[PDB]
Amino acid sequence: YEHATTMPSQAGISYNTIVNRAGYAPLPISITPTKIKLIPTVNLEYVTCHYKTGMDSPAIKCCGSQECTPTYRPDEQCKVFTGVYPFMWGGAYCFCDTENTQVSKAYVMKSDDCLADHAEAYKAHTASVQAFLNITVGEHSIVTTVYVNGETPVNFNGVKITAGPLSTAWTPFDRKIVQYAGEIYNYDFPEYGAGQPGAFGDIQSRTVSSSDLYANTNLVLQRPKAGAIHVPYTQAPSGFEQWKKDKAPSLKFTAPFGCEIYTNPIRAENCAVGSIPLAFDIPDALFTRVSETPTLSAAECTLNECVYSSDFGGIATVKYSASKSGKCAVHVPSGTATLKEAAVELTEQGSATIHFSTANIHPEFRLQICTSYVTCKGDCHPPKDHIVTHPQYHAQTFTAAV
Ligand SMILES: *[C@@H]1O[C@H](CO)[C@@H](O)[C@H](O)[C@H]1NC(C)=O
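Counting along the sequence shown from 1, when you hit position 36 you're at 36 in PDB author numbering, and nothing is skipped either side.
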């Protein structure tokens, strides 16, 4: 039997329903998503880190000419400064006053700490939603991880569960993101091969172990001081450091819909966004006839207490006269009231207690119970505290009138 019902995509809050037919007893169904995960399809564009400016030892020729011998290292600068007269701890290096030459060259390379202190620049394409759910059908219970795509089923005990596509496809990650120190940032980093100096991406590598290294650090050499041996260089300050100094708070403190953000895998969890269109294919063999189950006759309902509140502040007693003692389900076919409990136990004729949370100030709802239903009605009072530390349990509704 094919049944389908939208389930609000809230983490920690439960959801209940009853599936029934003209000659088959109510079969309860309960769902509880303990963690809804939003993994995006992601690939690595590069990794960046602090640079370090390596530099070959100056090659000094005493009154002889030199040449800018080229090598091919990242962001290389090579220059042949003439008219030098260097000094060491032992005195003047050369005897010719003029015509001495010093060839000096400098280059960029990855910091020694880049293997463990680096930022990963990624592109995030599309979303994949998977949720850890607790599903019960007529006391057949399962705890699973369902891939929310409408395709992948979870088929334990013969009932086939399919969690349709997340109704409002949405991600907190833009197309192009960055990971650093276990925090995910939305940042339009330069494409590989366009990194500009003094900003994020000044040095880049396709992988942490990649041989290639593009560097654009605005490296330019200056002539050394007379009587000193060294390689002067003025360079744009490390763009990665500047990004660290100047960056907005991570998505874990700015993401919409209250999403939590985690980094392995890159993902967002507990996004209170949209709803999951669950579809349940219940086998014909799991249904039970109305005759077998406890049948209720001549029930009455009364709200012995009502506190219009986020939690289950509403209490109602049902006086029952059952045909045979046992257990059976209880529900409200309406968004007015959401029940804490799924089923109750009955002993011939007596009373039972139902907990619920409500939106209506003047509540009235049909409590469906054990192959019957009773019209519960009453007046309800406001709650105590202005602010509470948990999310809503009761479906909001327009009617809150006198
Ligand atoms: C779901 O099942 C798991 C089983 O480990 C349990 O720990 C968790 O509390 C259950 N959640 C609810 C309230 O259904």
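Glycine included, each C-beta is placed from N, C-alpha and C at the ideal position.
(request) Identify which residue in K244, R289 and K176 has its Cα closest to the Cα of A25. (result) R289
(request) Out of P74, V19, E99 and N134, point me to the one whose CA is closest to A106's CA. (result) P74
(request) Just mark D202 as buried or exposed, buried being the case when its beta carbon has 16 or more other beta carbons within 10 Å. (result) buried
(message) Is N134 near ligand 1 - that is, is its Cβ less than 7 Å away from at least one heavy atom of it?
(response) yes
(message) In chain order, what are the residue ranges of uninterrupted beta strand (DSSP E) at least 3 long that sit wholly in the segment 341-395?
(response) 343-346, 349-358, 364-369 and 373-377
(request) Measure from the alpha carbon of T17 to the alpha carbon of each residue in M7, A131 and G23, then state which is nearest. (result) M7
(message) According to DSSP, is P40 part of a helix, a strand, or is it coil?
(response) strand
(request) Note down the Cα distance separating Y214 from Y51, rounded to an integer number of angstroms. (result) 11 Å
(request) Please name the residue, chosen from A316, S321, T48 and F95, that lies closest to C114 on a Cα-to-Cα basis. (result) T48
(request) Indicate, with yes or no, if ligand 2 has a heavy atom lying under 7 Å from the CB of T32. (result) What this structure holds is ligand 1, not ligand 2.
(message) Measuring only from the beta carbon, is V143 closer than 7 Å to any heavy atom that is part of ligand 1?
(response) yes
(request) May I have the straight-line CA-CA distance separating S334 from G314, to the nearest angstrom? (result) 16 Å
(request) Name the one or two DSSP bridge partners that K110 has. (result) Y51
(message) With a threshold of 8 Å, are at least 3 pairs of Cβ atoms found where one atom belongs to the segment 233-242 and the other to the segment 124-134?
(response) no
(message) According to DSSP, is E241 part of a helix, a strand, or is it coil?
(response) helix
(message) Spatial neighbours of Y180 within its chain, please: C-beta separation below 7 Å, excluding the five flanking residues on both sides.
(response) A119
(message) Between which two residues does the beta strand (DSSP E) holding residue 414 run?
(response) With the chain running from 1 to 402 in the structure shown, residue 414 is simply not present.
(request) Would you list the residues sitting across from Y262 in a DSSP beta bridge? (result) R267
(message) Short of 8 Å in beta carbon distance, which residues of its chain neighbour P153, apart from the five on each side in sequence? Order them along the chain.
(response) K160, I161 and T162
(request) Kindly indicate which residue of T397, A359, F398 and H394 has the alpha-carbon position closest to the one of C380. (result) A359
(request) Could you pull out every residue in the same chain whose Cβ sits closer than 8 Å to the Cβ of residue 413, ignoring the five residues on either side in sequence? (result) Coverage of the chain is limited to positions 1 through 402, which leaves residue 413 absent and any answer about it impossible.
(message) Excluding the 5 residues flanking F200 on each side, which residues of the same chain have their C-beta closer than 6 Å to its C-beta?
(response) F189, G239 and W243
(request) Determine the contact status of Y320 and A352, defining contact as a CB-CB distance below 8 Å. (result) yes
(request) May I ask you to report which of helix, strand or coil DSSP gives residue 410? (result) Past the boundaries of the shown model lies residue 410; the chain is included only from 1 to 402, so the question cannot be answered.
(message) According to DSSP, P277 sits in a beta bridge with which residue or residues?
(response) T6
(request) Evaluate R267 with the Cβ neighbour count: other Cβ atoms within 10 Å of its Cβ, from every protein chain shown; 16 or more gives buried, anything less gives exposed. (result) buried
(message) Contact between the segment 216-228 and the segment 254-261 is defined here as three or more beta-carbon pairs at a separation below 8 Å; is this criterion met?
(response) no
(message) Once DSSP output is grouped into helix, strand and coil, what is the label at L166?
(response) coil
(request) Could you name the residues that DSSP lists as bridge partners for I203? (result) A215
(message) Considering only DSSP beta bridges, list what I315 is partnered with.
(response) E305 and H355
(message) Can you find the residues in the same chain that come closer than 6 Å, C-beta to C-beta, to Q349, ignoring five residues on each side of it along the sequence?
(response) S321
(message) Quick check: the Cα distance between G138 and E2, rounded to an integer number of angstroms?
(response) 16 Å
(request) Check whether the Cβ atoms of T293 and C328 sit closer than 8 Å, and answer yes or no. (result) yes
(message) Using only the alpha-carbon positions, how far apart do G91 and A59 sit?
(response) 17 Å
(message) Taking the beta strand (DSSP E) that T338 belongs to, which residues open and close that run?
(response) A337 to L339
(message) Could you tell me the alpha carbon to alpha carbon distance between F95 and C63, rounded to whole angstroms?
(response) 8 Å
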